[PDB]
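Q: Take this structure, written in structure tokens, and hold onto it; I'll ask about it next.
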Amino acid sequence: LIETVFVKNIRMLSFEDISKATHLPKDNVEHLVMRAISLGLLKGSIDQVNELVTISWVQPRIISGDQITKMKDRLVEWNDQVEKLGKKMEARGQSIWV
Amino acid sequence: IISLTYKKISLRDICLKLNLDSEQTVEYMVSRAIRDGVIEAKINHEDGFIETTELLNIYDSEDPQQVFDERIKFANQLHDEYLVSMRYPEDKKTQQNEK
Amino acid sequence: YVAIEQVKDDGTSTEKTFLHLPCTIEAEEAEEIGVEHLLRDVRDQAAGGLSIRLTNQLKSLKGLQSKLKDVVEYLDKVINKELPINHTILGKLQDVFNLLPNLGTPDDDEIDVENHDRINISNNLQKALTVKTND
Amino acid sequence: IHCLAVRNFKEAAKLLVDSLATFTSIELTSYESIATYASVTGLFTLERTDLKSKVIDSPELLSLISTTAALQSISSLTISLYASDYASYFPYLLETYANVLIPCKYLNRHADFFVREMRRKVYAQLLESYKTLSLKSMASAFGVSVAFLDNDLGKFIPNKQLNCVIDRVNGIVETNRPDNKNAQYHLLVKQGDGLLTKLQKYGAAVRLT
Amino acid sequence: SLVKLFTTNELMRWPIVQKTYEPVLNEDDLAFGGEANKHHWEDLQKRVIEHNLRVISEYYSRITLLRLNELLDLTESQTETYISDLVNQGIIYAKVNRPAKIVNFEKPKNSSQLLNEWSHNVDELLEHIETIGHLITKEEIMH
Amino acid sequence: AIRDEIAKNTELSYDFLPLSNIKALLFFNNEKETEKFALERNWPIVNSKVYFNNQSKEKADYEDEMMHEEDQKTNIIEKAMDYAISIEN
Amino acid sequence: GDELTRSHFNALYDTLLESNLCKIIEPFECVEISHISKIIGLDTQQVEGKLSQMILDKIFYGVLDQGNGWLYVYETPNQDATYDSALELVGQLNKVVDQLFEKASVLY
Amino acid sequence: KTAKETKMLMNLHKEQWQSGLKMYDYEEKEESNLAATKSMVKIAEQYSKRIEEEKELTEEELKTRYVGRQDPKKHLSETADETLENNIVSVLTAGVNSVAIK
């Protein structure tokens, strides 16, 4: 459960998919998630008006070659936004940079 | 004006009021009209009423930023206008002989 | 950097290392009045007028872009040059992706109303300067 | 009397309520007439709150009692509005139209202005207290038909005090009133546009001259 | 075992807790063994349910009322009385849809409050990446 | 021309027309003309029901790729920068 | 038989209702209008009439949805304070431009 | 002194620019909006007073009578400019932060 949310860049996943992932019925999953908050292994909020768990905090998982690879992408991706923006921002108001 | 007043109104009621021939004829003059967003509604013929498309509060929406943008430029234009012009009489007065 | 002595816990012996401490400048009062008097420059960033902070906005971006690159290249070097896995840097980067702002938050909708307040007071203060010039 | 006679009923409301105290009989339309007229101007202009203080609890109107028929008809109307019994309001409206507005010369011409306003003001107060009402329920209370209600309200909506739309099919009258941030945006943008018009006109003029 | 259960936020199912300590500590002398104190075991119910109630407001921003009656293990009419009591005392703050469909735990937010949390997120990021860069530098020389 | 004009209008109105309604409104005389026109408008007919849902979303996607464009939407960064140099001229 | 008794027993009526009304509605969201009648001991038609009058007075200002038979009560609605200060500021600017032109009537 | 040393006396820092993408809280933007506007309402009454007549001879006479000393027109302009400048920085930083990060 803690692993499945981590690898996803999406930080909310429904219970029903978690039910599949942990191989326990959906009655038992809701309770387990209440306990996950208590421990503080996950933190977030619980909505049963869509049967969702929306996390805001996830424990760092163990370092593996696979996961590193995901890290490398993410910071490459952000790096392109920065680049795009600074050049556009240069042009507009070229003359005033005193 | 009728969409404004009645939010959800059967084509039947429209037809009788303004004398318009039948529910099929009114649908055609209205369908054209809403493309252009005059009336601002959407037709439901599979139920049978026409339902006004609300925008309600537009502050909540992002409408005011565009309003501002224009106005700022108008203010800016008057300032430059003041400034070029103000100098004009002054240049004349200095050069002429004074006591 | 301050020499600290700590078990590097990985199956490696006690390691002695130089851990970064941020440092800042400071000046004694007695020196400082004289520092200021020597200096008289208009500065790359002084936090002065509009045009000065505006330069800093262009600078601050280019700052970040170089800064992020350093990270990407370390990640290559771990699996190509076998730099020791430092679970600590990678741990900090997890906190960056985890606490990351996202869009479709009700926080966007809040920023979006705020945008409108900031231009609207600007607009009115623009209009007021019209009256002063006209005077 | 001047302000009353003319279309501006704003100044009239003020001038006449203070003429109650300072009534001078000498060559002027009787005291009984003045008192009735004050109430008329009261109702058109003044908010529900502002009617209570200045007209209902107005010490003079209570001193003069209801003796003349016209005074009674207009006074009773005032009362059932505040008390919000809307079983007795609409019968009183019919009475005031017959016996007060039409025979007074001044209010023969303003009969139209006054009765259209009263219909809008009562309906506005009831809509404010309900997110939603039925058409049958609003009508039934008044003592008018569902058909009758439907026409009379659709005159009043585009003039915009009622602030409602009517779902015919569901029969609901839903009420949409802004009270938020939007209120403070409209007021600002409109006033500030009125100011810019003036800057342009005057600035451009002085440059030429 | 008893005391530590009630401090921790773990859900405490009332007639389960009641049953387990029932033949031992209800029968344990003066505190629960007294004649008046036989009714202090029943009153123990309120106490248990109110700690769970408190924890769950925190955790669930939105929960169906129907569900909440099951977990606390109570009669539905009663639970609702108890939601009102804790909101009245201002311990918790809640918004109750009376037909019993949804119970919404809502503490007051304003615009400023939400934006103030976000302002920090931005700043905290920039500091983290800065610190990391000096630590990249360190490891290069150590290798 | 008549058929094209109505088709364009009816996108905004709803997503679904019963097979019989398309034929009636646009003045198709045969159901052959109906299913032909739907293909040219990028609407499949599955179970005798059209499906305007498809083309509307797809058109928005394609439009977003053009180059004119930065100034037409007007970025938040863009809005500020213009006003700042308006002042600093 | 005593007009004073009547006057003050009607104020007593309404006050006694208000003290109890506050107790029912502090958990808010959306109380049923039926649920009110049970406690208060007044009929469903009587609940509606009293409640409407008090909405207009603005002593708790809510809205009543009949379609669901619920009373939602609202307290302190948000409105731009920044803009409240700006309305008085624009108001001053408008007088000022009329005066300025009047000064500038000497050019003509 | 040398121009190597001058560089050292001022000191370049990375926190000059890091402080430029730090976004201070929004309670503080609200306060500035509120405050600056209210202040100029007060000196705007005084400004009405300034220009009521003011066109009769001898400039010195005018400055004592209409209190053109400690000039209210000028003070209105100053408060206006500072706030105007800042509110433009405030929009400019917030727009850069939001796209750039995410």
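Chain labels A, B, ... are given in the sequence in which chains occur in the structure tokens; within each chain residues are numbered consecutively from 1, and ligands are likewise numbered from 1 in the order shown.
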Can you check which residues of segment 81-132 of chain E DSSP gives as strand (DSSP E) on the backbone and send them as a PyMOL selection string?
A: chain E and resi 94-97+103-105
Q: If you keep N, CA and C atoms, can you produce a file of those selected residues as a JSON list (two decimals), in the first residue's frame?
A:
[["chain", "number", "residue", "atom", "x", "y", "z"],
["E", 94, "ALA", "N", -18.44, 20.59, 13.42],
["E", 94, "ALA", "CA", -19.01, 19.73, 12.45],
["E", 94, "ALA", "C", -20.22, 20.33, 11.82],
["E", 95, "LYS", "N", -20.72, 19.80, 10.71],
["E", 95, "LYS", "CA", -21.88, 20.29, 10.00],
["E", 95, "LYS", "C", -22.66, 19.03, 9.73],
["E", 96, "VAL", "N", -23.91, 18.95, 10.18],
["E", 96, "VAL", "CA", -24.69, 17.72, 10.26],
["E", 96, "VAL", "C", -25.84, 17.87, 9.26],
["E", 97, "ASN", "N", -25.97, 16.96, 8.27],
["E", 97, "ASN", "CA", -27.11, 16.87, 7.37],
["E", 97, "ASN", "C", -27.99, 15.89, 8.07],
["E", 103, "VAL", "N", -21.87, 13.47, 7.42],
["E", 103, "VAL", "CA", -21.47, 14.27, 8.49],
["E", 103, "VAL", "C", -20.13, 14.69, 8.09],
["E", 104, "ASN", "N", -19.91, 16.02, 8.13],
["E", 104, "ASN", "CA", -18.85, 16.68, 7.44],
["E", 104, "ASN", "C", -18.06, 17.35, 8.51],
["E", 105, "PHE", "N", -16.80, 17.08, 8.73],
["E", 105, "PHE", "CA", -16.04, 17.68, 9.71],
["E", 105, "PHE", "C", -15.31, 18.77, 8.99]]
Q: Using the chain letters and numbers from this document, which residues of chain E does DSSP assign to helix (DSSP H, G or I), as a VMD selection string?
A: chain E and resid 2 to 7 14 to 21 36 to 39 44 to 59 65 to 71 76 to 88 111 to 142
Q: Could you list the residues in chain D lying within 10 Å of chain G, using only C-alpha atoms, and format the result as number ranges by chain?
A: D: 48-49, 82-85, 125-134, 137, 172, 174-175, 179-185, 187-189, 191-192, 194-196, 198-199, 202-203, 205-207, 209
Q: Residues within 8 Å of segment 16-33 of chain C, please, as a list in words. Count only C-alpha atoms; anything in the same chain fewer than 3 positions from it doesn't count.
A: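 The contact residues come out as residues 1, 2, 3, 4, 5, 6, 36 and 37 of chain C; 134, 135 and 138 of chain E; 11 of chain H.
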Q: Might you pull out every residue within 10 Å of segment 19-31 of chain F, with only C-alpha atoms counted and same-chain residues fewer than 2 positions away left off, and present them as a list in words?
A: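 Contacts, in chain order: residues 24, 27, 28, 45 and 46 of chain B; 2, 3, 4, 5, 6, 7, 10, 16, 17, 33, 34, 35, 36, 37, 38, 45, 47, 48, 49 and 50 of chain F.
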Q: As a short mmCIF file (atom, residue, chain, number, x, y, z; two decimals) with C-alpha atoms, in the first residue's frame, please: the residues near residue 85 of chain G (cut-off 8 Å, only C-alpha atoms, same-chain neighbours under 6 positions excluded).
A:
data_model
loop_
_atom_site.label_atom_id
_atom_site.label_comp_id
_atom_site.auth_asym_id
_atom_site.auth_seq_id
_atom_site.Cartn_x
_atom_site.Cartn_y
_atom_site.Cartn_z
CA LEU H 34 -5.94 47.63 2.99
CA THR H 37 -5.66 52.86 0.37
CA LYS H 38 -7.17 53.99 3.80
#
Q: For chain C against chain H, which residues fall within 7 Å using only C-alpha atoms, given as a ChimeraX atom specification?
A: /C:45,50,56-57,59-60,101-102,115,118,122,125,129
Q: Please produce a file of those selected residues containing N, CA, C and O atoms, as an mmCIF file, in the first residue's frame.
A:
data_model
loop_
_atom_site.group_PDB
_atom_site.id
_atom_site.type_symbol
_atom_site.label_atom_id
_atom_site.label_comp_id
_atom_site.auth_asym_id
_atom_site.auth_seq_id
_atom_site.Cartn_x
_atom_site.Cartn_y
_atom_site.Cartn_z
ATOM 1 N N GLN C 45 21.393 43.700 -7.100
ATOM 2 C CA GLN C 45 20.145 43.601 -6.374
ATOM 3 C C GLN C 45 20.507 44.404 -5.129
ATOM 4 O O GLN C 45 21.521 44.122 -4.431
ATOM 5 N N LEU C 50 11.538 49.429 -8.782
ATOM 6 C CA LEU C 50 10.904 48.387 -9.599
ATOM 7 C C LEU C 50 11.860 47.748 -10.591
ATOM 8 O O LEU C 50 11.916 46.543 -10.716
ATOM 9 N N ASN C 56 16.570 41.113 -10.899
ATOM 10 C CA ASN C 56 16.712 40.025 -9.944
ATOM 11 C C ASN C 56 15.775 38.947 -10.341
ATOM 12 O O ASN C 56 16.130 37.822 -10.120
ATOM 13 N N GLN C 57 14.574 39.204 -10.934
ATOM 14 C CA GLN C 57 13.605 38.204 -11.313
ATOM 15 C C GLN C 57 14.247 37.382 -12.483
ATOM 16 O O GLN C 57 14.179 36.122 -12.457
ATOM 17 N N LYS C 59 17.510 37.028 -13.170
ATOM 18 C CA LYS C 59 18.604 36.358 -12.491
ATOM 19 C C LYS C 59 18.187 35.156 -11.671
ATOM 20 O O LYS C 59 18.880 34.151 -11.695
ATOM 21 N N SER C 60 17.044 35.302 -10.923
ATOM 22 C CA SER C 60 16.645 34.267 -9.985
ATOM 23 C C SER C 60 16.277 32.956 -10.742
ATOM 24 O O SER C 60 16.542 31.864 -10.223
ATOM 25 N N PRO C 101 3.542 21.333 -4.622
ATOM 26 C CA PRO C 101 2.316 21.957 -5.119
ATOM 27 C C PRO C 101 1.848 21.232 -6.308
ATOM 28 O O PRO C 101 2.583 20.566 -7.001
ATOM 29 N N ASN C 102 0.482 21.197 -6.532
ATOM 30 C CA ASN C 102 -0.202 20.536 -7.652
ATOM 31 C C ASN C 102 -1.242 21.555 -7.952
ATOM 32 O O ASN C 102 -1.435 22.498 -7.177
ATOM 33 N N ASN C 115 -5.223 37.154 -7.484
ATOM 34 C CA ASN C 115 -4.722 37.806 -8.667
ATOM 35 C C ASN C 115 -5.505 39.035 -8.965
ATOM 36 O O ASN C 115 -4.973 40.067 -9.230
ATOM 37 N N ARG C 118 -5.109 42.034 -6.615
ATOM 38 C CA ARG C 118 -3.834 42.700 -6.763
ATOM 39 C C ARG C 118 -3.742 43.640 -7.919
ATOM 40 O O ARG C 118 -3.201 44.746 -7.738
ATOM 41 N N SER C 122 -4.163 47.995 -7.987
ATOM 42 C CA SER C 122 -3.175 48.616 -8.865
ATOM 43 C C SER C 122 -3.776 49.605 -9.861
ATOM 44 O O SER C 122 -3.254 50.698 -10.057
ATOM 45 N N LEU C 125 -5.007 52.786 -8.199
ATOM 46 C CA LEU C 125 -3.898 53.633 -7.872
ATOM 47 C C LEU C 125 -3.281 54.271 -9.153
ATOM 48 O O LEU C 125 -2.770 55.422 -9.128
ATOM 49 N N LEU C 129 -3.098 58.573 -10.099
ATOM 50 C CA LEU C 129 -1.925 59.249 -10.564
ATOM 51 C C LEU C 129 -2.306 60.098 -11.789
ATOM 52 O O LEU C 129 -1.706 61.123 -11.961
#
Q: Please report as a PyMOL selection string which residues of chain F come no farther than 7 Å from chain B, using only C-alpha atoms.
A: chain F and resi 9-10+12-14
Q: Mind writing the picked residues with C-alpha atoms as an mmCIF file, in the first residue's frame?
A:
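Output (selection_14.cif):
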data_model
loop_
_atom_site.group_PDB
_atom_site.id
_atom_site.type_symbol
_atom_site.label_atom_id
_atom_site.label_comp_id
_atom_site.auth_asym_id
_atom_site.auth_seq_id
_atom_site.Cartn_x
_atom_site.Cartn_y
_atom_site.Cartn_z
ATOM 1 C CA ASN F 9 -25.501 24.909 -33.798
ATOM 2 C CA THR F 10 -26.598 21.570 -32.340
ATOM 3 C CA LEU F 12 -23.685 23.435 -28.214
ATOM 4 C CA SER F 13 -27.254 22.198 -27.483
ATOM 5 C CA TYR F 14 -26.613 18.498 -26.499
#
Q: Mind checking which residues fall within 12 Å of residue 22 of chain D, counting only C-alpha atoms, ignoring those fewer than 3 positions away in the same chain, and posting them as a PDB file with C-alpha atoms, in the first residue's frame?
A:
ATOM      1  CA  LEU D  15     -40.160  66.708   3.335  1.00  0.00           C
ATOM      2  CA  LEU D  16     -43.594  65.416   4.247  1.00  0.00           C
ATOM      3  CA  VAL D  17     -42.820  63.197   7.236  1.00  0.00           C
ATOM      4  CA  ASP D  18     -41.307  66.274   8.907  1.00  0.00           C
ATOM      5  CA  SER D  19     -44.355  68.405   7.801  1.00  0.00           C
ATOM      6  CA  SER D  25     -53.177  74.564   8.642  1.00  0.00           C
ATOM      7  CA  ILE D  26     -53.357  78.055   6.964  1.00  0.00           C
ATOM      8  CA  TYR D  31     -54.076  67.548   7.976  1.00  0.00           C
ATOM      9  CA  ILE D  34     -51.070  65.038   4.558  1.00  0.00           C
ATOM     10  CA  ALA D  35     -50.926  62.110   6.904  1.00  0.00           C
ATOM     11  CA  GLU D  60     -47.780  61.449  15.293  1.00  0.00           C
TER      12      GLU D  60
END
Q: Excluding segment 53-55 of chain D and residues on its chain fewer than 4 positions from it, collect all residues at most 9 Å away from it, counting only C-alpha atoms, and give them as a VMD selection string.
A: chain D and resid 17 38 to 39 42 to 43 46 49 59 61 78
Q: Counting only C-alpha atoms, a student should be able to say which residues of chain H come within 6 Å of chain E; what is the right answer, written as a PyMOL selection string?
A: chain H and resi 22-23+25-27
Q: Show me, as JSON, numbers by chain, the residues of chain A whose atoms get within 9 Å of chain C, using only C-alpha atoms for the distance check.
A: {"A": [6, 9, 11, 56, 57, 58, 59, 60, 61, 62, 63, 65, 68, 69, 71, 72, 73, 74, 75, 76, 78, 79, 80, 82, 83, 85, 86, 89, 90, 96, 97, 98]}
Q: Chain F residues within 12 Å of chain C, counting only C-alpha atoms: which ones, as a list in words?
A: residues 76, 77, 79, 80, 81, 83, 84, 85, 86, 87, 88 and 89 of chain F
Q: Using only C-alpha atoms, which residues of chain G come within 7 Å of chain E, and what is the closest atom pair for each, with the distance in Å to one decimal? Give it as a Markdown table, sorted by chain and residue number.
A:
| residue | atom | partner | partner_atom | distance |
| --- | --- | --- | --- | --- |
| G:26 | CA | E:88 | CA | 6.6 |
| G:27 | CA | E:84 | CA | 5.6 |
| G:28 | CA | E:95 | CA | 5.1 |
| G:29 | CA | E:95 | CA | 4.3 |
| G:30 | CA | E:97 | CA | 4.9 |
| G:31 | CA | E:98 | CA | 5.1 |
| G:32 | CA | E:98 | CA | 5.8 |
Q: Using only C-alpha atoms, pick whichever of G:92, G:106, G:35, G:59 has the shortest atom-to-atom distance to chain H.
A: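 Counting only C-alpha atoms, the residue closest to chain H is G:92.
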